[PDB]
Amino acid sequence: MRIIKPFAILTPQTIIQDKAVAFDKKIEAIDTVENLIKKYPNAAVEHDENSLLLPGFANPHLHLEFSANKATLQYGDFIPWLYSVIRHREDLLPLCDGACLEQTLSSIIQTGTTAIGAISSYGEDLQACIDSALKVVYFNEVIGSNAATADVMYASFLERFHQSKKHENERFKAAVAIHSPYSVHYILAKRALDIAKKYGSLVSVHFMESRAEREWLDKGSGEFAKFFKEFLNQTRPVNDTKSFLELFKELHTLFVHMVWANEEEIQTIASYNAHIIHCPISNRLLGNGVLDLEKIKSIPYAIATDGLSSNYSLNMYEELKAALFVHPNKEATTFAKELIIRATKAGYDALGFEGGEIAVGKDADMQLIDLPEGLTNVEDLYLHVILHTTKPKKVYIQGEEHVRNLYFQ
């Protein structure tokens, strides 16, 4: 049992001063140090009066297998980016060996993230995710728009799903991902989602990431048309959007990106057990614009980085700074608070892990970070945490101090 007394606790929803946190695997109590030592005489008190305690981040959406990318994939424009993934994945995947994956996951923990949603396309990241101290939801992604090869795509997905499922534990959950509404045949999506239903898996899907997708699925025209004709010899979209979206009605689904979603889609998703995953850097760098947060206000959202295939880091502090800037007209002190809540509590809710809040009964998944100097208004704390922090001093996962440095469960 340990007691930490920081300058303040971000819960994240509230700022608590003059209290400490008692924790072992879970957060056991939040009270004055004097009260806590009466209850927990075996817990040494650690005073960190120049530090803040907040939950570990959840990063519910990243593509680990692409972690070798720095400047190989084409940024600025979504269809050219996609062509570059197809052209270069055979080079990039082998470059990210076990050392690349280990280093990447360690970097994630060292920057204060304690839970992730890993989108896995080939299963090459399985061993790294089961070894990692991070809590991982491991989304086995299926892709394929051609009915002729749907059996093969399903077989691959099924094998990967079962290969991952044998490793489940408190820090590893097997899950299902549908690549998108343009790239997965309806019948293949349905069969993969039947597996999710059978096993009670979380589901993730990229939905309305680009205007090209919007126009292709609405009209069968636009920038995707050349891509589908050239690469796939397809002349029209394989899925009706409404029919595809209906497949998710009985599942807990992460709808990722959502930049180009329309009002009907948003109303439908609001009626589901669903979260939106907002990836501001990835959307901006791939020429996809910015998610309008007011339009999706009926649906909870969380923040993620996407992979290094469309981002220059997996540091959630960097993602949160970018989020402040791509929504530049949102008043900064209040929006920083919203962002910190969405990056902790909301992301943990999206992943279904018990954490993301400094609250009794939650796993002690926590970050200890430097207190920004010269603070005059405690309400400004959330903004200054985003602006001045790059990495925590300590990171706890289930009460275990992993960054003190152990990166493996």
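All residue numbers refer to positions in the sequence shown, first residue = 1.
Per the record, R404 and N405 are separated by 1 to 3 deposited residues that are missing from the model. Mean CA B-factor, 352-360 versus 57-65: the higher value falls on 352-360. When the mean C-alpha temperature factors of 373-381 and 340-348 are read from the deposited coordinates, 373-381 comes out higher. Between the residues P237, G289, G307, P94, the entry's highest C-alpha temperature factor is the one at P94. When the C-alpha B-factors of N262, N283, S120, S107 are ranked from the entry, the top spot goes to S107. Annotation for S221: CA B-factor lies in the highest third of the chain's modelled residues. Per the deposited record, the Cα B-factor of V33 falls in the middle third when ranked against the other modelled residues of its chain. In the PDB entry, a CA B factor belonging to the highest third of its chain's modelled residues is recorded for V45.
Among all modelled residues in its chain, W81 ranks in the middle third by Cα B-factor. Placement of the Cα temperature factor of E213 within the chain: lowest third of the modelled residues, per the deposited record.
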